[PDB]
$ cat upload_32.tsv   # TSV, N, CA and C atoms
chain	number	residue	atom	x	y	z
I	1163	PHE	N	1.18	-22.70	12.42
I	1163	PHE	CA	0.69	-22.19	13.69
I	1163	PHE	C	0.84	-20.69	13.76
I	1164	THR	N	-0.13	-20.04	14.37
I	1164	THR	CA	-0.14	-18.59	14.45
I	1164	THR	C	-0.52	-18.20	15.86
I	1165	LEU	N	0.20	-17.24	16.42
I	1165	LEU	CA	-0.18	-16.66	17.69
I	1165	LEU	C	-0.99	-15.40	17.43
I	1166	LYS	N	-2.16	-15.32	18.04
I	1166	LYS	CA	-3.04	-14.19	17.83
I	1166	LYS	C	-3.25	-13.47	19.14
I	1167	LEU	N	-3.42	-12.16	19.06
I	1167	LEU	CA	-3.39	-11.32	20.26
I	1167	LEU	C	-4.30	-10.13	20.04
I	1168	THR	N	-5.26	-9.94	20.92
I	1168	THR	CA	-6.21	-8.84	20.81
I	1168	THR	C	-6.46	-8.24	22.18
I	1169	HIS	N	-7.22	-7.16	22.23
I	1169	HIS	CA	-7.50	-6.51	23.50
I	1169	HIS	C	-8.82	-5.77	23.42
I	1170	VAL	N	-9.37	-5.44	24.58
I	1170	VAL	CA	-10.57	-4.61	24.65
I	1170	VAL	C	-10.19	-3.16	24.42
I	1171	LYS	N	-10.96	-2.50	23.58
I	1171	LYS	CA	-10.88	-1.07	23.43
I	1171	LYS	C	-11.71	-0.43	24.52
I	1172	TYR	N	-11.63	0.90	24.63
I	1172	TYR	CA	-12.32	1.56	25.73
I	1172	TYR	C	-13.82	1.37	25.64
I	1173	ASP	N	-14.37	1.27	24.44
I	1173	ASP	CA	-15.80	1.07	24.27
I	1173	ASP	C	-16.19	-0.39	24.31
I	1174	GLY	N	-15.37	-1.24	24.91
I	1174	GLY	CA	-15.74	-2.61	25.13
I	1174	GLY	C	-15.71	-3.50	23.92
I	1175	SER	N	-15.42	-2.96	22.74
I	1175	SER	CA	-15.21	-3.81	21.59
I	1175	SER	C	-13.80	-4.35	21.62
I	1176	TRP	N	-13.55	-5.34	20.78
I	1176	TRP	CA	-12.28	-6.04	20.78
I	1176	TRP	C	-11.50	-5.65	19.54
I	1177	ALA	N	-10.22	-5.38	19.71
I	1177	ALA	CA	-9.42	-4.97	18.58
I	1177	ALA	C	-9.21	-6.13	17.63
I	1178	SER	N	-8.93	-5.79	16.39
I	1178	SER	CA	-8.60	-6.80	15.40
I	1178	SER	C	-7.28	-7.45	15.76
I	1179	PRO	N	-7.21	-8.78	15.78
I	1179	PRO	CA	-6.07	-9.44	16.40
I	1179	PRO	C	-4.82	-9.33	15.57
I	1180	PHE	N	-3.71	-9.05	16.25
I	1180	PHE	CA	-2.41	-9.14	15.61
I	1180	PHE	C	-2.10	-10.60	15.41
I	1181	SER	N	-1.10	-10.91	14.60
I	1181	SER	CA	-0.75	-12.30	14.41
I	1181	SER	C	0.75	-12.42	14.28
I	1182	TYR	N	1.28	-13.52	14.78
I	1182	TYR	CA	2.70	-13.79	14.73
I	1182	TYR	C	2.88	-15.23	14.29
I	1183	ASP	N	3.64	-15.44	13.23
I	1183	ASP	CA	3.88	-16.80	12.79
I	1183	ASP	C	4.79	-17.51	13.77
I	1184	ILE	N	4.38	-18.69	14.19
I	1184	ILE	CA	4.98	-19.38	15.31
I	1184	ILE	C	5.63	-20.68	14.88
I	1185	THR	N	5.08	-21.32	13.86
I	1185	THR	CA	5.54	-22.64	13.45
I	1185	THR	C	7.03	-22.61	13.12
I	1186	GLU	N	7.83	-23.23	13.97
I	1186	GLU	CA	9.23	-23.47	13.66
I	1186	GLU	C	9.58	-24.91	14.05
I	1187	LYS	N	9.22	-25.85	13.18
I	1187	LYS	CA	9.82	-27.19	13.15
I	1187	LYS	C	9.70	-27.95	14.46
I	1188	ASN	N	9.09	-27.36	15.47
I	1188	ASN	CA	9.12	-28.02	16.77
I	1188	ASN	C	7.77	-28.03	17.46
I	1189	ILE	N	7.02	-26.91	17.42
I	1189	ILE	CA	5.66	-26.93	17.93
I	1189	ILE	C	4.78	-27.80	17.06
I	1190	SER	N	5.08	-27.87	15.76
I	1190	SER	CA	4.43	-28.87	14.94
I	1190	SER	C	4.70	-30.26	15.46
I	1191	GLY	N	5.86	-30.47	16.07
I	1191	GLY	CA	6.26	-31.76	16.56
I	1191	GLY	C	5.83	-32.08	17.97
I	1192	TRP	N	5.44	-31.10	18.76
I	1192	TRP	CA	4.98	-31.39	20.10
I	1192	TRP	C	3.65	-32.11	20.05
I	1193	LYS	N	3.13	-32.41	21.22
I	1193	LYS	CA	1.81	-33.02	21.35
I	1193	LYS	C	1.34	-32.66	22.74
I	1194	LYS	N	0.10	-32.22	22.85
I	1194	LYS	CA	-0.38	-31.64	24.10
I	1194	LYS	C	0.50	-30.47	24.51
I	1195	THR	N	0.46	-29.37	23.78
I	1195	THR	CA	1.18	-28.19	24.23
I	1195	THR	C	0.26	-27.27	25.03
I	1196	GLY	N	0.86	-26.25	25.62
I	1196	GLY	CA	0.11	-25.24	26.35
I	1196	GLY	C	0.89	-23.95	26.34
I	1197	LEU	N	0.18	-22.83	26.39
I	1197	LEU	CA	0.84	-21.54	26.28
I	1197	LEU	C	0.77	-20.80	27.60
I	1198	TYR	N	1.74	-19.91	27.79
I	1198	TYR	CA	1.89	-19.17	29.02
I	1198	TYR	C	1.93	-17.70	28.65
I	1199	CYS	N	1.40	-16.84	29.50
I	1199	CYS	CA	1.41	-15.42	29.23
I	1199	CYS	C	1.36	-14.65	30.53
I	1200	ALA	N	2.25	-13.68	30.67
I	1200	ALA	CA	2.30	-12.89	31.88
I	1200	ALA	C	2.94	-11.55	31.56
I	1201	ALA	N	2.44	-10.51	32.21
I	1201	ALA	CA	3.06	-9.21	32.07
I	1201	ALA	C	4.31	-9.15	32.93
I	1202	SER	N	5.06	-8.06	32.79
I	1202	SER	CA	6.31	-7.90	33.52
I	1202	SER	C	6.29	-6.56	34.23
I	1203	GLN	N	6.62	-6.56	35.52
I	1203	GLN	CA	6.73	-5.31	36.25
I	1203	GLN	C	7.98	-4.52	35.86
I	1204	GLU	N	8.99	-5.19	35.32
I	1204	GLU	CA	10.18	-4.57	34.77
I	1204	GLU	C	10.12	-4.70	33.26
I	1205	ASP	N	10.52	-3.65	32.55
I	1205	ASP	CA	10.55	-3.69	31.09
I	1205	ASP	C	9.17	-4.07	30.54
I	1206	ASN	N	8.23	-3.15	30.73
I	1206	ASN	CA	6.84	-3.42	30.40
I	1206	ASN	C	6.73	-4.07	29.03
I	1207	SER	N	6.38	-5.35	29.05
I	1207	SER	CA	6.28	-6.16	27.86
I	1207	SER	C	5.41	-7.36	28.21
I	1208	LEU	N	5.26	-8.27	27.27
I	1208	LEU	CA	4.48	-9.48	27.47
I	1208	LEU	C	5.39	-10.66	27.24
I	1209	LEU	N	5.59	-11.46	28.27
I	1209	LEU	CA	6.30	-12.71	28.07
I	1209	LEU	C	5.28	-13.76	27.67
I	1210	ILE	N	5.33	-14.18	26.42
I	1210	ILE	CA	4.51	-15.28	25.94
I	1210	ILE	C	5.42	-16.48	25.75
I	1211	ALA	N	4.88	-17.67	25.97
I	1211	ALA	CA	5.70	-18.86	25.89
I	1211	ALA	C	4.80	-20.06	25.70
Y	1067	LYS	N	1.31	6.60	13.96
Y	1067	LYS	CA	2.72	6.82	13.71
Y	1067	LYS	C	2.90	7.24	12.26
Y	1068	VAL	N	3.80	8.18	12.03
Y	1068	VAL	CA	3.99	8.73	10.70
Y	1068	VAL	C	4.83	7.77	9.89
Y	1069	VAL	N	4.35	7.42	8.70
Y	1069	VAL	CA	5.09	6.52	7.83
Y	1069	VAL	C	6.04	7.29	6.93
Y	1070	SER	N	5.51	8.24	6.19
Y	1070	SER	CA	6.30	8.93	5.18
Y	1070	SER	C	5.72	10.30	4.97
Y	1071	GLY	N	6.50	11.17	4.35
Y	1071	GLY	CA	6.07	12.52	4.10
Y	1071	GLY	C	6.49	12.96	2.71
Y	1072	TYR	N	6.03	14.14	2.34
Y	1072	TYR	CA	6.43	14.74	1.08
Y	1072	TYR	C	6.29	16.23	1.24
Y	1073	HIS	N	7.35	16.96	0.96
Y	1073	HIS	CA	7.32	18.40	1.15
Y	1073	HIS	C	6.94	19.11	-0.13
Y	1074	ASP	N	5.99	20.03	0.00
Y	1074	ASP	CA	5.36	20.69	-1.13
Y	1074	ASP	C	6.34	21.46	-2.00
Y	1075	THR	N	6.99	22.47	-1.43
Y	1075	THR	CA	7.92	23.30	-2.18
Y	1075	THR	C	9.32	22.71	-2.13
Y	1076	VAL	N	10.28	23.44	-2.67
Y	1076	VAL	CA	11.66	22.98	-2.74
Y	1076	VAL	C	12.49	23.57	-1.61
Y	1077	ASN	N	12.11	24.74	-1.11
Y	1077	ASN	CA	12.72	25.28	0.09
Y	1077	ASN	C	11.93	24.81	1.30
Y	1078	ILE	N	12.56	23.99	2.15
Y	1078	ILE	CA	11.83	23.34	3.24
Y	1078	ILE	C	11.36	24.30	4.32
Y	1079	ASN	N	11.57	25.59	4.15
Y	1079	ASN	CA	11.05	26.56	5.11
Y	1079	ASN	C	9.71	27.13	4.68
Y	1080	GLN	N	9.18	26.68	3.55
Y	1080	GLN	CA	7.93	27.21	3.02
Y	1080	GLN	C	7.05	26.06	2.57
Y	1081	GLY	N	5.85	26.38	2.13
Y	1081	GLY	CA	4.97	25.36	1.61
Y	1081	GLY	C	4.47	24.45	2.71
Y	1082	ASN	N	3.94	23.29	2.34
Y	1082	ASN	CA	3.37	22.37	3.30
Y	1082	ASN	C	4.12	21.06	3.26
Y	1083	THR	N	3.98	20.28	4.32
Y	1083	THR	CA	4.55	18.94	4.38
Y	1083	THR	C	3.40	17.98	4.61
Y	1084	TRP	N	3.09	17.16	3.62
Y	1084	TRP	CA	2.07	16.15	3.79
Y	1084	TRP	C	2.65	14.92	4.46
Y	1085	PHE	N	1.95	14.41	5.45
Y	1085	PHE	CA	2.38	13.22	6.15
Y	1085	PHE	C	1.40	12.10	5.90
Y	1086	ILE	N	1.89	10.88	5.95
Y	1086	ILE	CA	1.06	9.70	5.89
Y	1086	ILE	C	1.29	8.96	7.18
Y	1087	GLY	N	0.25	8.82	7.98
Y	1087	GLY	CA	0.32	8.12	9.25
Y	1087	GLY	C	-0.45	6.82	9.14
Y	1088	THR	N	0.02	5.81	9.83
Y	1088	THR	CA	-0.68	4.54	9.90
Y	1088	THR	C	-1.11	4.26	11.32
Y	1089	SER	N	-2.07	3.37	11.48
Y	1089	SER	CA	-2.60	3.08	12.80
Y	1089	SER	C	-1.97	1.82	13.35
Y	1090	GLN	N	-2.00	1.70	14.66
Y	1090	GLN	CA	-1.50	0.51	15.34
Y	1090	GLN	C	-2.61	-0.53	15.44
Y	1091	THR	N	-3.11	-0.94	14.29
Y	1091	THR	CA	-4.12	-1.99	14.23
Y	1091	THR	C	-3.69	-3.04	13.22
Y	1092	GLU	N	-4.58	-3.97	12.91
Y	1092	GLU	CA	-4.33	-4.93	11.85
Y	1092	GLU	C	-5.64	-5.37	11.22
Y	1093	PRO	N	-5.92	-4.98	9.97
Y	1093	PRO	CA	-5.07	-4.26	9.04
Y	1093	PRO	C	-4.85	-2.82	9.45
Y	1094	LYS	N	-3.90	-2.15	8.81
Y	1094	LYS	CA	-3.58	-0.78	9.16
Y	1094	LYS	C	-4.50	0.16	8.42
Y	1095	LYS	N	-4.79	1.29	9.04
Y	1095	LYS	CA	-5.59	2.34	8.45
Y	1095	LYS	C	-4.68	3.53	8.24
Y	1096	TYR	N	-4.67	4.08	7.04
Y	1096	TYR	CA	-3.73	5.13	6.71
Y	1096	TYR	C	-4.43	6.48	6.76
Y	1097	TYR	N	-3.74	7.46	7.31
Y	1097	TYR	CA	-4.28	8.79	7.50
Y	1097	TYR	C	-3.33	9.79	6.87
Y	1098	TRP	N	-3.78	11.03	6.72
Y	1098	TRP	CA	-2.88	12.05	6.21
Y	1098	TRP	C	-3.12	13.37	6.92
Y	1099	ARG	N	-2.05	14.11	7.14
Y	1099	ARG	CA	-2.06	15.45	7.69
Y	1099	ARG	C	-1.40	16.39	6.72
Y	1100	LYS	N	-1.10	17.57	7.22
Y	1100	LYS	CA	-0.43	18.60	6.46
Y	1100	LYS	C	0.10	19.60	7.47
Y	1101	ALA	N	1.36	19.96	7.35
Y	1101	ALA	CA	1.98	20.94	8.23
Y	1101	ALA	C	2.31	22.16	7.40
Y	1102	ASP	N	1.59	23.24	7.63
Y	1102	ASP	CA	1.77	24.48	6.89
Y	1102	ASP	C	3.00	25.20	7.43
Y	1103	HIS	N	4.06	25.26	6.63
Y	1103	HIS	CA	5.27	25.92	7.08
Y	1103	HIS	C	5.16	27.43	7.06
Y	1104	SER	N	4.13	27.98	6.43
Y	1104	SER	CA	3.94	29.42	6.48
Y	1104	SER	C	3.48	29.89	7.84
Y	1105	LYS	N	3.25	28.97	8.77
Y	1105	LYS	CA	3.00	29.29	10.16
Y	1105	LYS	C	4.05	28.67	11.06
Y	1106	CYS	N	5.32	28.82	10.70
Y	1106	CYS	CA	6.43	28.14	11.35
Y	1106	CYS	C	7.60	29.10	11.41
Y	1107	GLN	N	7.75	29.79	12.53
Y	1107	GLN	CA	8.93	30.60	12.78
Y	1107	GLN	C	9.76	29.96	13.88
Y	1108	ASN	N	11.07	30.12	13.78
Y	1108	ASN	CA	11.99	29.60	14.79
Y	1108	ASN	C	11.83	28.10	14.99
Y	1109	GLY	N	11.54	27.38	13.91
Y	1109	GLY	CA	11.36	25.94	14.01
Y	1109	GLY	C	10.21	25.51	14.87
Y	1110	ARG	N	9.28	26.40	15.14
Y	1110	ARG	CA	8.16	26.14	16.03
Y	1110	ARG	C	6.89	26.30	15.23
Y	1111	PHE	N	6.23	25.20	14.94
Y	1111	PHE	CA	4.96	25.25	14.24
Y	1111	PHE	C	3.88	25.84	15.14
Y	1112	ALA	N	3.16	26.82	14.64
Y	1112	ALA	CA	1.94	27.20	15.31
Y	1112	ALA	C	1.01	26.00	15.39
Y	1113	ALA	N	0.23	25.94	16.46
Y	1113	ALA	CA	-0.62	24.78	16.64
Y	1113	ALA	C	-1.65	24.63	15.54
Y	1114	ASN	N	-1.96	25.72	14.85
Y	1114	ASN	CA	-2.93	25.70	13.77
Y	1114	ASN	C	-2.28	25.54	12.42

$ encode --input "upload_32.tsv" --output "structure tokens"
Amino acid sequence: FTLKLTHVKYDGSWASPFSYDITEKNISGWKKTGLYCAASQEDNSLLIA
Amino acid sequence: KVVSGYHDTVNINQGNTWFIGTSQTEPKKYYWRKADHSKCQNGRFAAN
């Protein structure tokens, strides 16, 4: 499993996606998963889950 | 962001410093600059 992440550039094109290896012995084991994503007003970052 | 550099001469107050910069993309794109120390007095590089 891989998490991929991209964004719009100023000219409306999309950046080449970053990737993060996600598979750790458990998401392979889930069934019907779903992902969550939200920015943070404190400590500007992305909480992905 | 600058990855690595190499200074031209042996006295770091002279010569040029070549830099290798990479981009915040994927794959990365590598760039190069040069900082001419012959335009550097008081640790302040001239903008040119």

$ closest_atom_pairs --input "upload_32.tsv" --of "chain Y" --to "chain I" --cutoff "8 Å" --atoms "only C-alpha atoms" --output "CSV"
residue,atom,partner,partner_atom,distance
Y:1091,CA,I:1178,CA,6.7
Y:1092,CA,I:1178,CA,5.9
Y:1093,CA,I:1178,CA,7.7

$ residues_around --input "upload_32.tsv" --residues "residue Y:1082" --least-positions-apart "3" --cutoff "12 Å" --atoms "only C-alpha atoms" --output "list in words"
residues 1071, 1072, 1073, 1074, 1075, 1076, 1077, 1078, 1079, 1085, 1099, 1100, 1101, 1102, 1103, 1104, 1105, 1106 and 1111 of chain Y

$ select_by_dssp --input "upload_32.tsv" --residues "chain I" --states "strand (DSSP E)" --output "list in words"
residues 1164, 1165, 1166, 1167, 1180, 1181, 1182, 1183, 1199, 1200, 1201, 1208, 1209 and 1210 of chain I

$ atom_distance --input "upload_32.tsv" --atom1 "atom C of residue I:1167" --atom2 "atom C of residue I:1182"
10.5 Å

$ atom_distance --input "upload_32.tsv" --atom1 "atom C of residue Y:1088" --atom2 "atom CA of residue Y:1069"
7.5 Å

$ atom_distance --input "upload_32.tsv" --atom1 "atom N of residue I:1170" --atom2 "atom C of residue I:1208"
15.9 Å

$ residues_around --input "upload_32.tsv" --residues "residue I:1196" --least-positions-apart "3" --cutoff "12 Å" --atoms "only C-alpha atoms" --output "list in words"
residues 1189, 1192, 1193, 1199, 1210 and 1211 of chain I

$ decode --input "upload_32.tsv" --residues "stretch 1175-1194 of chain I" --atoms "C-alpha atoms" --output "PDB file, in the first residue's frame"
ATOM      1  CA  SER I1175      -1.368  21.713 -13.416  1.00  0.00           C
ATOM      2  CA  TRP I1176      -0.927  19.019 -10.813  1.00  0.00           C
ATOM      3  CA  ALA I1177       2.365  18.256  -9.175  1.00  0.00           C
ATOM      4  CA  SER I1178       3.962  14.868  -9.471  1.00  0.00           C
ATOM      5  CA  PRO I1179       2.687  12.903  -6.486  1.00  0.00           C
ATOM      6  CA  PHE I1180       4.821  12.183  -3.477  1.00  0.00           C
ATOM      7  CA  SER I1181       4.537   8.689  -2.095  1.00  0.00           C
ATOM      8  CA  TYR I1182       4.766   7.154   1.351  1.00  0.00           C
ATOM      9  CA  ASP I1183       4.925   3.441   1.991  1.00  0.00           C
ATOM     10  CA  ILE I1184       2.032   2.589   4.256  1.00  0.00           C
ATOM     11  CA  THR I1185       1.756  -1.190   4.389  1.00  0.00           C
ATOM     12  CA  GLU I1186       2.529  -2.285   7.934  1.00  0.00           C
ATOM     13  CA  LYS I1187       1.016  -5.689   8.665  1.00  0.00           C
ATOM     14  CA  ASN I1188      -2.367  -4.245   9.524  1.00  0.00           C
ATOM     15  CA  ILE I1189      -3.911  -2.212   6.705  1.00  0.00           C
ATOM     16  CA  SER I1190      -3.283  -5.290   4.610  1.00  0.00           C
ATOM     17  CA  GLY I1191      -5.418  -7.007   7.233  1.00  0.00           C
ATOM     18  CA  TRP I1192      -8.281  -4.544   7.401  1.00  0.00           C
ATOM     19  CA  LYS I1193     -11.317  -4.721   5.163  1.00  0.00           C
ATOM     20  CA  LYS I1194     -13.374  -1.747   4.087  1.00  0.00           C
TER      21      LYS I1194
END
